[PDB]
Every structure is written in structure tokens, then in C-alpha cells.
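Okay, my_file35.csv is below, CSV, C-alpha atoms:
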```csv
chain,number,residue,atom,x,y,z
A,1,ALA,CA,105.4,134.7,107.8
A,2,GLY,CA,101.9,135.9,107.0
A,3,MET,CA,100.7,133.2,104.6
A,4,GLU,CA,104.2,131.8,104.1
A,5,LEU,CA,102.5,128.8,105.6
A,6,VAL,CA,100.8,128.0,102.3
A,7,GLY,CA,104.1,126.9,100.8
A,8,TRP,CA,104.8,124.7,103.8
A,9,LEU,CA,101.4,123.0,104.0
A,10,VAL,CA,101.6,122.1,100.3
A,11,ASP,CA,105.1,120.7,100.8
A,12,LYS,CA,104.0,118.6,103.8
A,13,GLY,CA,100.7,117.7,102.2
A,14,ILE,CA,98.7,119.0,105.2
A,15,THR,CA,95.0,119.6,104.5
A,16,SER,CA,93.5,120.2,108.0
A,17,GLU,CA,94.4,121.9,111.2
A,18,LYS,CA,93.8,118.7,113.1
A,19,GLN,CA,96.2,116.8,110.8
A,20,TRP,CA,98.7,119.6,111.2
A,21,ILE,CA,98.6,119.2,115.0
A,22,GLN,CA,98.8,115.4,114.9
A,23,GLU,CA,101.7,115.2,112.5
A,24,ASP,CA,103.7,118.2,113.7
A,25,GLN,CA,102.3,120.0,116.8
A,26,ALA,CA,105.7,121.6,117.4
A,27,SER,CA,105.4,123.6,114.1
A,28,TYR,CA,101.7,124.4,114.7
A,29,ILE,CA,102.7,126.0,118.0
A,30,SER,CA,105.7,127.6,116.3
A,31,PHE,CA,103.8,129.2,113.4
A,32,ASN,CA,101.1,130.4,115.8
A,33,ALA,CA,103.5,131.5,118.6
A,34,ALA,CA,102.5,135.2,118.3
A,35,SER,CA,98.7,135.0,117.9
A,36,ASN,CA,96.4,132.2,116.7
A,37,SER,CA,94.5,133.8,113.8
A,38,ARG,CA,91.3,131.9,113.1
A,39,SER,CA,90.9,133.6,109.7
A,40,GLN,CA,94.5,133.3,108.6
A,41,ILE,CA,94.8,129.6,109.5
A,42,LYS,CA,91.6,128.8,107.6
A,43,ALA,CA,92.6,130.6,104.4
A,44,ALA,CA,96.0,129.1,104.4
A,45,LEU,CA,94.7,125.5,104.7
A,46,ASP,CA,92.1,126.3,102.0
A,47,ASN,CA,94.6,127.9,99.6
A,48,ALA,CA,96.9,124.9,100.2
A,49,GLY,CA,94.7,122.0,99.2
A,50,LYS,CA,93.3,124.0,96.3
A,51,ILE,CA,96.9,124.2,95.2
A,52,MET,CA,97.5,120.5,95.9
A,53,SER,CA,94.2,119.1,94.5
A,54,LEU,CA,94.3,121.3,91.4
A,55,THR,CA,98.0,121.3,90.4
A,56,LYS,CA,99.9,118.5,92.3
A,57,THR,CA,100.3,114.8,91.8
A,58,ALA,CA,100.6,111.4,93.5
A,59,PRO,CA,104.4,111.3,93.2
A,60,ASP,CA,104.9,114.7,95.0
A,61,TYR,CA,103.7,112.8,98.1
A,62,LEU,CA,104.1,109.0,97.6
A,63,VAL,CA,107.8,109.4,96.9
A,64,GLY,CA,109.6,109.9,100.2
A,65,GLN,CA,112.2,112.6,100.3
A,66,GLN,CA,114.4,110.6,102.7
A,67,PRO,CA,117.1,108.0,101.8
A,68,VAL,CA,116.0,104.4,102.5
A,69,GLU,CA,118.5,102.5,104.7
A,70,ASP,CA,117.0,99.0,105.0
A,71,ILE,CA,114.0,98.2,102.9
A,72,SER,CA,114.0,94.5,103.9
A,73,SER,CA,111.8,95.2,106.9
A,74,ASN,CA,109.3,97.3,104.8
A,75,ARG,CA,105.9,95.6,105.0
A,76,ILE,CA,105.2,96.2,101.3
A,77,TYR,CA,108.6,94.8,100.4
A,78,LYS,CA,107.8,91.7,102.5
A,79,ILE,CA,104.4,90.9,101.3
A,80,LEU,CA,105.5,91.1,97.7
A,81,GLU,CA,108.5,88.8,98.2
A,82,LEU,CA,106.3,86.5,100.3
A,83,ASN,CA,103.9,85.9,97.4
A,84,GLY,CA,106.7,85.3,94.9
A,85,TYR,CA,107.4,88.7,93.3
A,86,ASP,CA,110.7,90.3,92.7
A,87,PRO,CA,110.4,93.3,95.1
A,88,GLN,CA,112.5,95.6,93.0
A,89,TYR,CA,110.5,94.6,89.9
A,90,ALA,CA,107.1,95.0,91.6
A,91,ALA,CA,108.3,98.3,93.0
A,92,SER,CA,109.0,99.6,89.5
A,93,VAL,CA,105.5,98.9,88.2
A,94,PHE,CA,104.1,100.7,91.3
A,95,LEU,CA,106.4,103.7,90.7
A,96,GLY,CA,105.5,103.8,87.0
A,97,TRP,CA,101.8,103.4,87.9
A,98,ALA,CA,102.0,106.3,90.4
A,99,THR,CA,103.7,108.3,87.5
A,100,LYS,CA,101.2,107.6,84.7
A,101,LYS,CA,104.2,106.1,82.8
A,102,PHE,CA,102.4,103.1,81.2
A,103,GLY,CA,99.5,105.0,79.6
A,104,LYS,CA,96.3,102.9,79.4
A,105,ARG,CA,97.7,100.5,81.9
A,106,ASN,CA,96.9,103.1,84.6
A,107,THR,CA,95.5,100.6,87.1
A,108,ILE,CA,97.0,98.2,89.6
A,109,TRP,CA,94.9,95.3,90.8
A,110,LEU,CA,95.7,93.4,94.0
A,111,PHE,CA,93.7,90.1,93.8
A,112,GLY,CA,93.5,87.6,96.6
A,113,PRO,CA,92.0,86.6,100.0
A,114,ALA,CA,90.8,88.9,102.8
A,115,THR,CA,93.9,88.6,105.0
A,116,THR,CA,96.5,88.6,102.2
A,117,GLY,CA,97.2,92.3,102.8
A,118,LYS,CA,95.8,93.7,99.5
A,119,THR,CA,93.5,96.0,101.4
A,120,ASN,CA,96.4,96.8,103.8
A,121,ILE,CA,98.6,98.1,101.0
A,122,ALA,CA,95.9,99.9,99.0
A,123,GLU,CA,94.6,101.8,102.1
A,124,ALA,CA,98.1,102.9,103.2
A,125,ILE,CA,98.8,104.4,99.7
A,126,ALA,CA,95.4,106.2,99.4
A,127,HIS,CA,95.9,107.8,102.8
A,128,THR,CA,99.5,108.8,102.1
A,129,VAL,CA,98.3,111.2,99.4
A,130,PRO,CA,96.6,114.5,100.2
A,131,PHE,CA,93.4,113.8,98.2
A,132,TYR,CA,92.1,110.3,97.2
A,133,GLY,CA,88.8,109.1,95.8
A,134,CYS,CA,86.8,106.0,96.7
A,135,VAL,CA,84.7,104.4,94.0
A,136,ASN,CA,81.5,103.9,95.9
A,137,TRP,CA,79.0,101.9,93.8
A,138,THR,CA,76.4,102.2,96.6
A,139,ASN,CA,75.3,105.0,94.3
A,140,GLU,CA,75.0,102.8,91.2
A,141,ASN,CA,73.8,106.0,89.6
A,142,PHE,CA,77.0,108.1,90.1
A,143,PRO,CA,79.6,105.6,91.4
A,144,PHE,CA,82.4,108.0,90.5
A,145,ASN,CA,81.0,111.0,92.4
A,146,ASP,CA,84.0,111.0,94.7
A,147,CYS,CA,86.6,110.8,91.9
A,148,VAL,CA,87.1,114.4,90.8
A,149,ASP,CA,90.5,116.1,91.4
A,150,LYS,CA,92.1,113.2,93.3
A,151,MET,CA,95.6,112.0,93.2
A,152,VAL,CA,94.7,108.3,93.5
A,153,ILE,CA,91.5,106.4,93.1
A,154,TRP,CA,90.9,103.3,95.3
A,155,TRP,CA,88.4,100.8,93.9
A,156,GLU,CA,87.7,98.8,97.1
A,157,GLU,CA,84.7,96.6,96.2
A,158,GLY,CA,81.7,95.8,94.1
A,159,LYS,CA,81.4,95.1,90.4
A,160,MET,CA,81.1,97.3,87.4
A,161,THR,CA,77.8,97.3,85.5
A,162,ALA,CA,76.9,97.7,81.8
A,163,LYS,CA,75.7,101.2,82.3
A,164,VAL,CA,79.0,102.3,84.0
A,165,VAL,CA,81.6,100.3,82.2
A,166,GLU,CA,82.3,102.8,79.4
A,167,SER,CA,83.2,105.4,82.0
A,168,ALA,CA,85.0,102.8,84.1
A,169,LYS,CA,87.2,101.9,81.3
A,170,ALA,CA,88.2,105.5,80.8
A,171,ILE,CA,89.2,106.1,84.4
A,172,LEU,CA,90.9,102.7,84.7
A,173,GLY,CA,92.7,103.5,81.4
A,174,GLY,CA,93.7,107.0,82.4
A,175,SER,CA,91.6,108.9,79.8
A,176,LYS,CA,89.8,112.1,80.5
A,177,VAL,CA,86.1,111.6,80.8
A,178,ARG,CA,83.0,113.6,81.7
A,179,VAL,CA,80.5,111.8,84.0
A,180,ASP,CA,77.0,113.2,83.3
A,181,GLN,CA,75.1,114.2,86.4
A,182,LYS,CA,72.0,115.4,84.6
A,183,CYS,CA,70.9,119.0,85.1
A,184,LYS,CA,73.2,119.7,88.1
A,185,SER,CA,76.6,119.4,86.4
A,186,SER,CA,78.8,117.1,84.3
A,187,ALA,CA,81.9,116.4,86.3
A,188,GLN,CA,85.3,115.9,84.7
A,189,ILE,CA,87.7,113.2,86.0
A,190,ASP,CA,91.3,113.7,84.8
A,191,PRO,CA,93.8,110.8,84.4
A,192,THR,CA,94.2,109.3,87.9
A,193,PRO,CA,96.2,106.2,88.9
A,194,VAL,CA,93.6,103.7,90.1
A,195,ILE,CA,94.3,100.9,92.5
A,196,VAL,CA,91.8,98.0,92.7
A,197,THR,CA,91.3,95.6,95.6
A,198,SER,CA,89.2,92.3,95.3
A,199,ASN,CA,88.9,88.6,95.9
A,200,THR,CA,86.6,88.3,92.9
A,201,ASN,CA,87.1,88.7,89.1
A,202,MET,CA,87.0,92.4,88.4
A,203,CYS,CA,86.6,91.9,84.6
A,204,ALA,CA,83.1,90.4,85.1
A,205,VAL,CA,80.5,93.1,84.3
A,206,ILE,CA,77.0,92.9,85.7
A,207,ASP,CA,74.3,93.6,83.1
A,208,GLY,CA,71.0,92.9,84.8
A,209,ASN,CA,70.4,89.2,85.5
A,210,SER,CA,73.5,88.1,83.6
A,211,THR,CA,77.2,88.7,83.9
A,212,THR,CA,79.5,89.2,80.9
A,213,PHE,CA,83.2,88.9,80.0
A,214,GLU,CA,82.7,90.8,76.8
A,215,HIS,CA,84.7,93.6,78.2
A,216,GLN,CA,87.4,91.4,79.7
A,217,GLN,CA,90.2,92.0,77.3
A,218,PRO,CA,89.7,95.8,77.1
A,219,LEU,CA,89.7,95.8,81.0
A,220,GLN,CA,92.7,93.6,81.1
A,221,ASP,CA,94.7,96.0,78.8
A,222,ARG,CA,94.5,98.7,81.5
A,223,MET,CA,95.7,96.7,84.5
A,224,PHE,CA,98.8,95.2,86.1
A,225,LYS,CA,97.6,92.2,88.1
A,226,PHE,CA,99.1,90.9,91.3
A,227,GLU,CA,98.1,87.7,93.0
A,228,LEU,CA,98.4,87.5,96.8
A,229,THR,CA,97.8,84.2,98.5
A,230,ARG,CA,100.0,83.9,101.6
A,231,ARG,CA,97.8,84.6,104.6
A,232,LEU,CA,99.7,87.0,106.8
A,233,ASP,CA,97.7,87.0,110.1
A,234,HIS,CA,97.8,89.2,113.1
A,235,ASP,CA,101.1,90.7,114.4
A,236,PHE,CA,102.2,91.5,110.8
A,237,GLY,CA,100.8,94.9,111.4
A,238,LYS,CA,99.5,97.6,109.1
A,239,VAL,CA,101.9,99.1,106.5
A,240,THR,CA,102.3,102.7,107.4
A,241,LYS,CA,102.4,105.9,105.4
A,242,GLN,CA,106.1,106.2,106.1
A,243,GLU,CA,106.5,102.7,104.7
A,244,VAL,CA,104.6,103.8,101.7
A,245,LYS,CA,107.0,106.7,101.3
A,246,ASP,CA,110.1,104.6,101.6
A,247,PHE,CA,108.9,101.9,99.2
A,248,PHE,CA,108.3,104.4,96.4
A,249,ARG,CA,111.7,106.1,97.2
A,250,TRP,CA,113.4,102.8,97.1
A,251,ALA,CA,111.6,102.0,93.8
A,252,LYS,CA,112.9,105.2,92.3
A,253,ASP,CA,116.5,104.6,93.4
A,254,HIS,CA,116.5,101.1,92.0
A,255,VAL,CA,114.3,101.4,88.9
A,256,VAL,CA,114.3,98.4,86.4
A,257,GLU,CA,112.6,98.0,83.1
A,258,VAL,CA,109.0,96.8,83.4
A,259,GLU,CA,107.2,94.4,81.1
A,260,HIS,CA,104.0,96.1,79.8
A,261,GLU,CA,101.6,93.2,80.5
A,262,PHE,CA,98.5,92.2,82.4
A,263,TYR,CA,100.0,89.4,84.6
A,264,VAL,CA,103.0,90.7,86.6
A,265,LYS,CA,105.8,88.1,86.4
A,266,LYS,CA,107.3,86.5,89.4
A,267,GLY,CA,110.8,85.8,88.1
A,268,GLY,CA,113.9,87.1,89.9
```

Let me see the file written as C-alpha cells.
Amino acid sequence: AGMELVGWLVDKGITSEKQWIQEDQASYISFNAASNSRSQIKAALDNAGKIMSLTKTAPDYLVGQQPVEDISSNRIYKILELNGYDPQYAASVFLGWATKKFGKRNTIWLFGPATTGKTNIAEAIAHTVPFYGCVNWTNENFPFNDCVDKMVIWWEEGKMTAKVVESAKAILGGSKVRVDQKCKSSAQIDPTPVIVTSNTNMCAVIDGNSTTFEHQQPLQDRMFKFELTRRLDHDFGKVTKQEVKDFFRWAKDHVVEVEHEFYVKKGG
């Protein structure tokens, strides 16, 4: 119906024609059944996307709209239990994290070895959302260049530095900050749930030829830490976006009180 598509694209979280085809070819063909308007398709995709990135949030897409029958086979549910965490408890911190419920503690850190699935979970979540940012650090100058107007920020590797830590603490803590880009333009990063993935200590800040833990406690106050040790190995497979969607839906239908602390407990 003209540009009635813009409401649909936003609902499905579709941001590209190619993605549209791959996830729901049938509808692509259905909407364009009586002419394939280059110009119309383009402006719909653009309008959507502007609408998603500027006024929508992580929960609108991470929280699956379908009831979850058996969560026991969900790869995120497994890996949590495997490493000794109460699934339903861990789930609640994730849901609250995605929701900006624990103000300040706006970051989830998955610490552990290379095959423990930390990267497997983080990546599935970042890709489940319409817009996500990756904290580079290859650009030590502007490491947060890709963090504006995103629904999730994935901190995949590297180490903060003395010159960036003040900004880092704000993003990690969920506080609005402006990241000066000299003449060009000072970008503004709004509160965004951040997920960190590392095998090293993320609280250790590099300051030239020395490393410091001077910021350790402030950094620790903004995170929920998980420790993953059980090596999973091939055949476990990659957690899927659908699995991401069910986990958060399950977490919402079985929400328990969460302890506002750095180390996530394992009881249960």
C-alpha cells in the first residue's frame, strides 16, 4: 500500500533489500507484485532505518514475539548452565541489560577462553538487532566512530587507553557523551547497552609504557561479569538470531530479581 511498507520494515527490523529477500522473499514478491519501483523501495528502506535507528531500541528486536516452548535446547541457555550459572537468573540480567534497567551497570562482560562461546553469544545478539556498533580501537584516535545511534555496542577486543577511558566509562556506564572529532563534528553517543568480549582483563588501562588499575573499581561498577570456562568444541554450532529472540522472550516470561553486583552469582 504505497509506503505502507515502512511500518512493516520497522516491525521486522529489515534494513536492506537483500536482507528483505533473504528473510522473507515471499513478502518481497508480494509487495512488488504489481511493479518493482526502484525509487519507492529505496525511500521505504531509508525511512525505515531512520525510524529504527533514531527512535527504536534493543528490546523491540531482541525480545521475540513468539512463545518459547522448550528453552532447554537453546544454545545460550546451555552454555550458561554448562558454566555453572542459573539460566533463569543469568537471563534476567541480560534482559535488564538490554532494557537499561540497572543504570550505570549498562555493560555485560563475557570473560573466558577462545572456544568458550563468549564471542558466539555476543555476535548473535549484535546481529539480531537492526543497528549495532563495533568499538574498533584500530583507530586509537576515534575508537567510538561506529557507536552513534546504535541499539547495541559490541566491544570485541583490545584495551582501553588513558586518553579514551573517560569517554569509555561514559558509554560503558550508559551516560550521554560527546566524542570530539576536532573541526569536522563532535558526535553524540546516547545510552547504549554494551557487551564486552575478552580473554584478558578489561579493567587494565594502557597509558603509554605502563598499564594501570587506577580505573578498575569505576570500570567494575558498570559491568556484570560472567566467566566462561567449559570448552564447547565443534558441533555445538552457532547460536542463532532466533535463539537470541527466544532467550530474551523466555527471560521476560520468567523474570527474577537480580543482584546489582559485578560478579554474577552461580547459585541455583

- request: Mind giving me the straight-line distance from atom CA of residue 187 of chain A to atom CA of residue 213 of chain A in Å, one decimal?
  value: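 Separation between atom CA of residue 187 of chain A and atom CA of residue 213 of chain A: 28.2 Å.
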
Closest-contact table, segment 54-77 of chain A side, partner segment 115-122 of chain A, 12 Å, counting only C-alpha atoms, as a tab-separated table:
```
residue	atom	partner	partner_atom	distance
A:74	CA	A:121	CA	11.4
A:75	CA	A:121	CA	8.7
A:76	CA	A:121	CA	6.9
A:77	CA	A:121	CA	10.5
```

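Atom to atom, atom CA of residue 46 of chain A and atom CA of residue 189 of chain A stand 21.1 Å apart.
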
message: Let me make sure I understand: among A:129, A:208, A:193, A:157, which one has the smallest atom-to-atom distance to residue 93 of chain A if we use only C-alpha atoms?
response: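 Smallest separation from residue 93 of chain A among the options: A:193.
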
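Shortest atom-to-atom contact with residue 95 of chain A among A:63, A:198, A:232, A:30: A:63, counting only C-alpha atoms.
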
message: Neighbouring residues of segment 12-25 of chain A were defined as those with any atom within 10 Å, considering all atoms listed in the file; residues of the same chain fewer than 5 positions away were excluded. Please report them as a PyMOL selection string.
response: chain A and resi 6-7+30-31+41-42+44-50+52+56+60-61+128-131

- line: The residue from A:228, A:194, A:160, A:171 with the smallest atom-to-atom distance to residue 216 of chain A, counting only C-alpha atoms, is A:160

task: May I have the residues within 8 Å of residue 226 of chain A as a VMD selection string, using all atoms listed in the file and disregarding those fewer than 2 positions away in the same chain?
output: chain A and resid 108 to 111 224 228 263 to 264

message: Set the distance at 12 Å and use all atoms listed in the file: which residues neighbour segment 250-256 of chain A once local chain neighbours fewer than 5 positions away are removed? I'd like the list as a PyMOL selection string.
response: chain A and resi 59+62-72+74+76-77+86-99+243-245+268

- request: Can you work out the spacing between atom CA of residue 238 of chain A and atom CA of residue 80 of chain A in Å, to one decimal?
  value: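 Computing it gives 14.4 Å between the two atoms.
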
query: Skipping near chain neighbours, those fewer than 3 positions away, what residues fall within 8 Å of residue 206 of chain A using all atoms listed in the file, listed as a PyMOL selection string?
result: chain A and resi 159-162+209-212

Deliver the residues from the most recent selection as a file, using C-alpha atoms, as a short mmCIF file (atom, residue, chain, number, x, y, z; two decimals), in the coordinates of the input.
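Everything below was put into result_23.cif:
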```cif
data_model
loop_
_atom_site.label_atom_id
_atom_site.label_comp_id
_atom_site.auth_asym_id
_atom_site.auth_seq_id
_atom_site.Cartn_x
_atom_site.Cartn_y
_atom_site.Cartn_z
CA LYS A 159 81.40 95.10 90.40
CA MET A 160 81.10 97.30 87.40
CA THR A 161 77.80 97.30 85.50
CA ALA A 162 76.90 97.70 81.80
CA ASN A 209 70.40 89.20 85.50
CA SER A 210 73.50 88.10 83.60
CA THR A 211 77.20 88.70 83.90
CA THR A 212 79.50 89.20 80.90
#
```

message: Counting only C-alpha atoms, which residue out of A:26, A:179, A:165, A:114 sits closest to residue 146 of chain A?
response: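 Checking each candidate against residue 146 of chain A, we get A:179 as the closest.
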
- request: Would you mind telling me which residue in A:51, A:202, A:164, A:29 lies nearest to residue 112 of chain A when using all atoms listed in the file?
  value: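 Checking each of A:51, A:202, A:164, A:29 against residue 112 of chain A, counting all atoms listed in the file, the winner is A:202.
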
As an mmCIF file, in the coordinates of the input, could you write out segment 75-97 of chain A once it has been completed with N, CA and C atoms?
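Saved as out.cif:
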```cif
data_model
loop_
_atom_site.group_PDB
_atom_site.id
_atom_site.type_symbol
_atom_site.label_atom_id
_atom_site.label_comp_id
_atom_site.auth_asym_id
_atom_site.auth_seq_id
_atom_site.Cartn_x
_atom_site.Cartn_y
_atom_site.Cartn_z
ATOM 1 N N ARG A 75 107.032 96.450 105.226
ATOM 2 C CA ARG A 75 105.900 95.600 105.000
ATOM 3 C C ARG A 75 105.355 95.382 103.603
ATOM 4 N N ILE A 76 105.604 96.335 102.701
ATOM 5 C CA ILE A 76 105.200 96.200 101.300
ATOM 6 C C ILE A 76 106.197 95.331 100.580
ATOM 7 N N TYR A 77 107.451 95.530 100.959
ATOM 8 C CA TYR A 77 108.600 94.800 100.400
ATOM 9 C C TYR A 77 108.368 93.315 100.772
ATOM 10 N N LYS A 78 108.033 93.078 102.039
ATOM 11 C CA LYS A 78 107.800 91.700 102.500
ATOM 12 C C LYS A 78 106.738 90.986 101.789
ATOM 13 N N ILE A 79 105.509 91.466 101.946
ATOM 14 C CA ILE A 79 104.400 90.900 101.300
ATOM 15 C C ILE A 79 104.521 90.567 99.803
ATOM 16 N N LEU A 80 105.307 91.368 99.095
ATOM 17 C CA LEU A 80 105.500 91.100 97.700
ATOM 18 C C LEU A 80 106.406 89.889 97.509
ATOM 19 N N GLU A 81 107.532 89.898 98.214
ATOM 20 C CA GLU A 81 108.500 88.800 98.200
ATOM 21 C C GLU A 81 107.764 87.513 98.621
ATOM 22 N N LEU A 82 107.064 87.608 99.743
ATOM 23 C CA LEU A 82 106.300 86.500 100.300
ATOM 24 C C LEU A 82 105.485 85.762 99.258
ATOM 25 N N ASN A 83 104.766 86.520 98.439
ATOM 26 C CA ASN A 83 103.900 85.900 97.400
ATOM 27 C C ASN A 83 104.640 85.603 96.102
ATOM 28 N N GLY A 84 105.969 85.628 96.130
ATOM 29 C CA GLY A 84 106.700 85.300 94.900
ATOM 30 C C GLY A 84 107.100 86.331 93.920
ATOM 31 N N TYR A 85 106.999 87.611 94.263
ATOM 32 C CA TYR A 85 107.400 88.700 93.300
ATOM 33 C C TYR A 85 108.725 89.252 93.572
ATOM 34 N N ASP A 86 109.425 89.644 92.516
ATOM 35 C CA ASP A 86 110.700 90.300 92.700
ATOM 36 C C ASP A 86 110.385 91.691 93.204
ATOM 37 N N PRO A 87 110.657 91.989 94.484
ATOM 38 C CA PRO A 87 110.400 93.300 95.100
ATOM 39 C C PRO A 87 110.788 94.504 94.285
ATOM 40 N N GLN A 88 112.024 94.520 93.795
ATOM 41 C CA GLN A 88 112.500 95.600 93.000
ATOM 42 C C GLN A 88 111.783 95.731 91.636
ATOM 43 N N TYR A 89 111.253 94.606 91.159
ATOM 44 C CA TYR A 89 110.500 94.600 89.900
ATOM 45 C C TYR A 89 109.106 95.106 90.150
ATOM 46 N N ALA A 90 108.479 94.556 91.181
ATOM 47 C CA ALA A 90 107.100 95.000 91.600
ATOM 48 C C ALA A 90 107.158 96.462 91.856
ATOM 49 N N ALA A 91 108.171 96.895 92.597
ATOM 50 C CA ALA A 91 108.300 98.300 93.000
ATOM 51 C C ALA A 91 108.280 99.208 91.733
ATOM 52 N N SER A 92 108.980 98.821 90.679
ATOM 53 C CA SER A 92 109.000 99.600 89.500
ATOM 54 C C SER A 92 107.638 99.772 88.834
ATOM 55 N N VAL A 93 106.824 98.724 88.815
ATOM 56 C CA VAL A 93 105.500 98.900 88.200
ATOM 57 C C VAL A 93 104.716 99.904 89.098
ATOM 58 N N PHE A 94 104.833 99.775 90.419
ATOM 59 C CA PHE A 94 104.100 100.700 91.300
ATOM 60 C C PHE A 94 104.588 102.136 91.032
ATOM 61 N N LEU A 95 105.893 102.352 90.918
ATOM 62 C CA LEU A 95 106.400 103.700 90.700
ATOM 63 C C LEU A 95 105.893 104.232 89.322
ATOM 64 N N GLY A 96 105.935 103.391 88.290
ATOM 65 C CA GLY A 96 105.500 103.800 87.000
ATOM 66 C C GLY A 96 103.946 104.044 87.013
ATOM 67 N N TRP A 97 103.241 103.253 87.815
ATOM 68 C CA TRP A 97 101.800 103.400 87.900
ATOM 69 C C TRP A 97 101.509 104.764 88.561
#
```
